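Trainee: Chains as they are written, first to last, in the authors' numbering: chain C, 2 to 34; chain B, 3 to 168; chain A, 13 to 562.
Quick one: this structure, given as structure tokens, is what I'll be asking you about.
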Ligand code: HAS
Ligand code: HEM
Ligand code: CUA
Ligand SMILES: [Cu+2]
Ligand SMILES: [Xe]
Ligand SMILES: [Xe]
Ligand SMILES: [Xe]
Ligand SMILES: [Xe]
Ligand SMILES: [Xe]
Ligand SMILES: [Xe]
Ligand SMILES: [Xe]
């Protein structure tokens with residue numbers, strides 16, 4: 002039908018997870034740097 | 003319904019793939035940043051440097067552990083570190099803060115890890131190879147080396163110590 | 013008589029599930045280890061033969077991460093394209109796959125059980141285990157080459173019968189799946205024939221450790237996609253039907269597996285970011301390629317989420333979260349792979365950090381890694397397998413599933429899922445706190461005081477997954493016991509998902525069907541990425557004496 006509002010939010014969660022993981026470790030890499 | 007959701011679905015699919023290729027790009031540029039700055043020292047040096055492991059604590063800088071800390075520049079010391087059967091040589095490693103400490107590590111037995119707790123120094127130590135990593139300890143105090151590779155039964159007990167002077 | 017392929021395919025599963033059952037027993041004891049709790053004198057009482065912590069970790073690593081997953085791959089990715097074509101598999105060769113697999117196991121097993129190959133499932137030289145482990149495993153892994161040929165054969169056979177016609181979906185998946193694996197399996201095959209086997213017999217006395225593990229990780233990464241794609245295949249081709257829905261795109265599924273065929277092998281240096289003697293350049297090249305092989309999964313995240321949504325809609329999907337509660341949360345063949353897919357989000361997020369070269373030194377060889385892949389293989393791949401019984405087991409046997417069996421299935425899966433999550437927080441956290449992996453850390457209690465908080469978590473997951481595991485064996489050893497064969501649903505076809513076709517479902521789908529071309533693109537990319545460095549390492553080979561310290 003019209004506009005997959007659910008699956009968008011699904012890959013939104015995934016996008017937000019990937020970022021926190023990636024940014025979170027980039028911040029830790031720099032403290033140990 | 004249905005027939006309608008194949009038109010709309012190849013649109014969102016494309017747009018999501020398009021987004022992702024830039025999200026990943028923005029990582030690649032940031033991975034590159036760390037490669038250009040000073041922090042890139044912890045990456046092992048490429049050029050092979052083989053040794054004889056059985057004859058390493060007799061012949062070569064890994065023999066006399068008092069000679070481990072050797073000045074090799076105006077503000078750069080090299081430390082010849084040995085990763086053996088459940089210990090590290092020397093114990094401890096005394097080095098000055100603010101200086102470029104160039105570690106050179108090898109093994110007379112099996113594969114061990116060199117994980118200096120609180121630093122980015124995490125380098126695999128291989129029998130017959132000289133792992134060359136670079137770090138500048140900014141802050142004085144005691145640091146602790148954990149071995150992070152299964153090296154036999156004593157593995158869990160295999161720790162080292164690095165003292166950075168004041 | 014009706015279907016002899018059923019028997020091999022079932023026997024693959026049962027033996028796979030035995031391996032799981034055995035390896036996983038060590039799990040809870042190991043989870044309690046990283047909880048600073050020493051349940052290992054307790055383990056000795058149950059199995060006197062368990063000599064050391066790391067003996068278990070080899071067994072738990074081999075049976076679960078290598079054995080069970082390959083057996084399951086060998087069942088799913090052979091049985092499905094077959095039944096989909098209706099054509100019969102070469103049963104002469106299809107029993108050659110299983111028979112190599114059973115003996116090869118037993119040959120490899122005996123050293124390990126006798127504490128003779130306590131070297132872990134990665135077996136990095138100069139760690140020198142018993143010759144029979146090395147041989148048996150070699151044979152077990154070669155069974156897939158029989159499996160490769162078997163599936164390649166039916167493709168060649170169906171290509172004759174229907175000339176010009178596009179390859180049926182599941183077939184296409186399993187063809188490029190077995191092609192990629194062949195091109196990847198070589199690394200370990202090389203390492204085993206040329207280096208492990210001679211060395212272990214006595215033909216040579218040393219091994220160059222760097223190439224030993226370069227050749228290992230050549231195969232070390234595509235092997236994990238060799239465990240995953242079976243689950244993916246089911247998730248693409250059976251789950252949408254299971255949700256009471258459909259598959260939103262045929263090309264996007266075909267594109268996924270295509271991108272895996274291409275990109276799953278020439279990445280293996282991301283395990284060797286710490287390894288000495290490899291140009292940083294080649295690492296940054298493999299770093300970008302690993303992020304590329306991440307694209308196909310992101311694609312999967314969108315095709316499957318939509319499929320699920322679209323299904324939920326049909327069943328009375330409401331608002332934003334309205335379509336989720338519409339999905340059949342009572343059928344455990346649905347519930348299991350979906351909970352695994354939720355867990356696949358943080359695990360996939362972990363996997364991307366791991367691939368960012370410099371950022372690896374933050375987590376490499378710490379507890380972070382166990383926490384990462386248990387959300388991948390022990391969560392998604394394994395829960396899908398457990399779920400692919402409640403729909404596939406009645407198929408092969410003809411035996412029905414009751415109500416308290418089915419309710420046991422929801423209880424087992426939720427507890428197994430809920431345990432891996434608790435364990436993830438634990439290990440990840442402990443990893444960032446610098447706790448190493450592959451360590452009997454409970455023997456040294458005062459050693460990591462800073463991790464007293466995430467340690468409790470691993471204890472909590474220790475008990476939880478224990479209860480889950482028992483509950484599971486009960487369940488499995490309860491369908492296989494009762495004799496109530498009802499051979500109607502035996503003949504009743506597999507729950508294949510309806511697909512959506514369109515006007516442009518042919519252009520790209522035909523472009524992708526050019527397998528022979530892409531396999532030679534696949535072959536070029538491996539050569540281009542692993543060639544210069546492997547050639548380099550061969551020309552400076554430094555073998556070092558064998559060692560045993562257990
Ligand atoms: C099955 C098994 C595995 C999978 C899958 C897997 C995925 C990845 N891994 Fe990995 N891995 C690494 C990189 C990746 C990357 C980039 C991915 C990617 O393929 C992951 C991409 C995944 C995603 C981008 C997630 C997409 C999300 C999806 C698809 C779910 C959508 C959900 C839906 C649709 C449901 C929603 C439903 C509702 C109802 C709402 C790296 C480094 O680059 C290391 C080395 C670490 C070190 O230094 O030690 C590593 C370490 C390991 C080890 C340790 C081996 C050892 O002992 O040395 C194992 C066993 C393993 C297995 C697996 N790994 N990995
Ligand atoms: C009962 C549930 C399970 C628990 C509690 C558990 C726990 C653990 C823990 C804590 C480790 C890390 C130990 C260490 O590095 O010292 C580990 C290792 C591992 N597990 Fe599991 N596990 C479970 C199930 C599984 C399953 C089903 C699989 C197969 C898909 C699996 C595959 C692996 C692999 C590949 C390793 C790494 C072995 C190595 O480093 O050599 N686990 N397990
Ligand atoms: Cu040295 Cu573990
Ligand atoms: Cu990998
Ligand atoms: Xe092997
Ligand atoms: Xe193995
Ligand atoms: Xe094996
Ligand atoms: Xe192999
Ligand atoms: Xe491997
Ligand atoms: Xe692996
Ligand atoms: Xe392997």
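Every residue gets a Cβ at the ideal spot worked out from N, C-alpha and C, and that includes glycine.
When the Cα atoms are used, what is the spatial distance from residue 44(B) to residue 6(C)?
Mentor: On the second chain, residue 44(B) is found 42 positions in, with the first residue counted as 1. On the first chain, residue 6(C) is found 5 positions in, with the first residue counted as 1. Rounded to the nearest angstrom, the two C-alpha atoms are 45 Å apart.
Trainee: Please identify the residue among 216(A), 242(A) and 366(A) whose C-alpha is closest to the C-alpha of residue 138(A).
Mentor: Residue 138(A) sits at position 126 when you count from the first residue of the third chain. Of the listed residues, the one whose Cα sits closest to residue 138(A) is 216(A).
Trainee: State yes or no: is the C-beta of residue 545(A) within less than 8 Å of the C-beta of residue 294(A)?
Mentor: Numbered from 1 along the third chain, position 533 holds the residue referred to as residue 545(A). Numbered from 1 along the third chain, position 282 holds the residue referred to as residue 294(A). Closer than 8 Å, so yes.
Trainee: Short of 8 Å in beta carbon distance, which residues of its chain neighbour residue 364(A), apart from the five on each side in sequence? Order them along the chain.
Mentor: For the purposes of this step, residue 364(A) is identified with residue 352 of the third chain, where counting begins at 1. Cβ within range, chain order: 303 and 306.
Trainee: Quickly, what does DSSP pair residue 127(B) with across the bridge? List them, please.
Mentor: Taking the second chain and counting its residues from 1, the one referred to as residue 127(B) is at position 125. DSSP output for residue 127(B) lists 114(B) as bridge partner(s).
Trainee: Assign residue 462(A) to one of two classes, buried (16 or more other C-beta atoms within 10 Å of its C-beta) or exposed (fewer than that).
Mentor: For the purposes of this step, residue 462(A) is taken as the residue at position 450 of the third chain. So residue 462(A) ends up on the exposed side.
Trainee: Determine the closest residue to residue 505(A) out of 92(A), 82(A) and 542(A), with distance taken between C-alpha atoms.
Mentor: Sequence index remark: in the third chain, residue 505(A) carries index 493 (1-based). Comparing Cα-Cα distances from residue 505(A) to each of 92(A), 82(A) and 542(A), the minimum goes to 92(A).
Trainee: Go through its chain and collect everything with a Cβ distance to residue 339(A)'s Cβ below 6 Å, but skip five positions before and after it.
Mentor: Looking up residue 339(A) in the third chain gives position 327. Around residue 339(A): 255 and 324.
Trainee: Touching or not, the region 38-46 of chain A and the region 435-455 of chain A, by the rule of three or more beta carbon pairs under 8 Å?
Mentor: With a cut-off of 8 Å, the region 435-455 of chain A and the region 38-46 of chain A count as touching, because enough Cβ pairs lie within range.
Trainee: Along chain A, which residues have their Cβ under 8 Å away from the Cβ of residue 15(C)?
Mentor: Start at 1 with the first residue of the first chain, and residue 15(C) comes out as number 14. Near residue 15(C) (Cβ distances below 8 Å), the residues of chain A are 310, 313, 357, 360 and 361.
Trainee: Could you tell me whether any non-hydrogen atom of ligand 4 is closer than 7 Å to the CB of residue 236(A)?
Mentor: Taking the third chain and counting its residues from 1, one reaches residue 236(A) at position 224. The answer is yes for residue 236(A).
Trainee: Within the 8 Å Cβ cut-off, does residue 29(B) reach chain C?
Mentor: Mapped onto the second chain, residue 29(B) falls at position 27. Yes, residue 29(B) counts as interfacial toward chain C.
Trainee: Take the Cβ of residue 203(A) as the centre, count every other Cβ of all protein chains shown within 10 Å, and call the residue buried at 16 or more, exposed below.
Mentor: Against the third chain, residue 203(A) aligns to sequence position 191. Classification of residue 203(A): buried, given that the 10 Å Cβ count is 16 or more.
Trainee: Would you call the region 105-125 of chain A in contact with the region 63-81 of chain A, where contact means no fewer than 3 C-beta pairs closer than 8 Å?
Mentor: Cβ pair count under 8 Å is three or more, so yes.
Trainee: Can you tell me where the alpha helix (DSSP H) with residue 417(A) in it begins and where it stops?
Mentor: The sequence position of residue 417(A) within the third chain is 405, counting from 1. Segment 416-444, the alpha helix (DSSP H) holding residue 417(A).
Trainee: In the structure shown, what three-state DSSP assignment does residue 253(A) receive?
Mentor: By one-based count along the third chain, residue 253(A) stands at place 241. Three-state DSSP puts residue 253(A) in a helix.
Trainee: Could you say which of 398(A), 120(A), 106(A) and 436(A) lies nearest to residue 90(A) if we only look at CA atoms?
Mentor: Reading the third chain from its first residue, position 78 is the one you call residue 90(A). Comparing Cα positions, the closest option is 106(A).
Trainee: Pull up the DSSP beta-bridge partners for residue 203(A), would you.
Mentor: Looking up residue 203(A) in the third chain gives position 191. None; residue 203(A) has no bridge partner.
Trainee: So which of 95(B), 88(B), 117(B) and 86(B) has the shortest CA-CA distance to residue 378(A)?
Mentor: Taking the first residue of the third chain as position 1, residue 378(A) is located at position 366. Minimum Cα distance to residue 378(A) is reached at 117(B).
Trainee: Contact criterion: CB-CB distance below 8 Å. Does residue 102(B) meet it with respect to chain A?
Mentor: Within the second chain, residue 102(B) is the residue found at index 100, counting from 1. It does not; no Cβ of chain A falls within 8 Å.
Trainee: May I ask you to check if the CB of residue 232(A) is nearer than 7 Å to at least one heavy atom of ligand 10?
Mentor: Taking the third chain and counting its residues from 1, the one referred to as residue 232(A) is at position 220. Checking the Cβ of residue 232(A) against ligand 10 gives yes.
Trainee: Using a threshold of 7 Å, is the CB atom of residue 386(A) nearer than that to any non-hydrogen atom of ligand 4?
Mentor: Taking the third chain and counting its residues from 1, the one referred to as residue 386(A) is at position 374. Residue 386(A): no, Cβ never under 7 Å from ligand 4.
Trainee: Can you list, in chain order, the residues of the region 37-65 of chain B whose Cβ is nearer than 9 Å to any Cβ on chain C?
Mentor: So the list reads 39, 40, 41 and 44, given in the order they occur along the chain.
Trainee: Using CA atoms only, rank isn't needed, just tell me which of 87(B), 159(B), 38(B) and 74(B) is closest to residue 108(B).
Mentor: In the second chain, residue 108(B) corresponds to position 106, counting from 1. Out of 87(B), 159(B), 38(B) and 74(B), 87(B) has the C-alpha closest to the C-alpha of residue 108(B).
Trainee: Short of 8 Å in beta carbon distance, which residues of its chain neighbour residue 129(B), apart from the five on each side in sequence? Order them along the chain.
Mentor: If you number the second chain from 1, residue 129(B) lands on position 127. 55, 108, 109, 110, 111, 112 and 113.
Trainee: Pick from 27(C), 3(C) and 24(C): whose alpha carbon is nearest that of residue 14(B)?
Mentor: Locating residue 14(B) in the second chain gives position 12, counting from the first residue. The candidate whose alpha carbon is nearest that of residue 14(B) is 3(C).
Trainee: Is DSSP giving residue 218(A) helix, strand or coil here?
Mentor: Numbered from its first residue, the third chain carries residue 218(A) at position 206. Strand at residue 218(A).
Trainee: Any C-beta of chain A within less than 8 Å: which residues of the region 146-159 of chain B qualify?
Mentor: Those would be 148, 149, 150, 151, 152, 153, 154, 155, 156, 157, 158 and 159, in chain order.
Trainee: Give the interface partners of residue 30(C) over in chain B, defined as CB-CB distance under 9 Å, in chain order.
Mentor: As a first step, residue 30(C) must be located in the first chain, where it is residue number 29. Result: 36, 41 and 122.
Trainee: Using the beta-carbon of each residue, which ones in chain C are nearer than 9 Å to residue 14(B)?
Mentor: One-based indexing of the second chain puts residue 14(B) at position 12. The contacting residues are 4, 5, 8 and 9.
Trainee: In terms of DSSP beta bridges, what is residue 239(A) paired with?
Mentor: Residue numbering aside, residue 239(A) sits at position 227 when the third chain is read from its first letter. Note: residue 239(A) sits in no beta bridge, so no partner.
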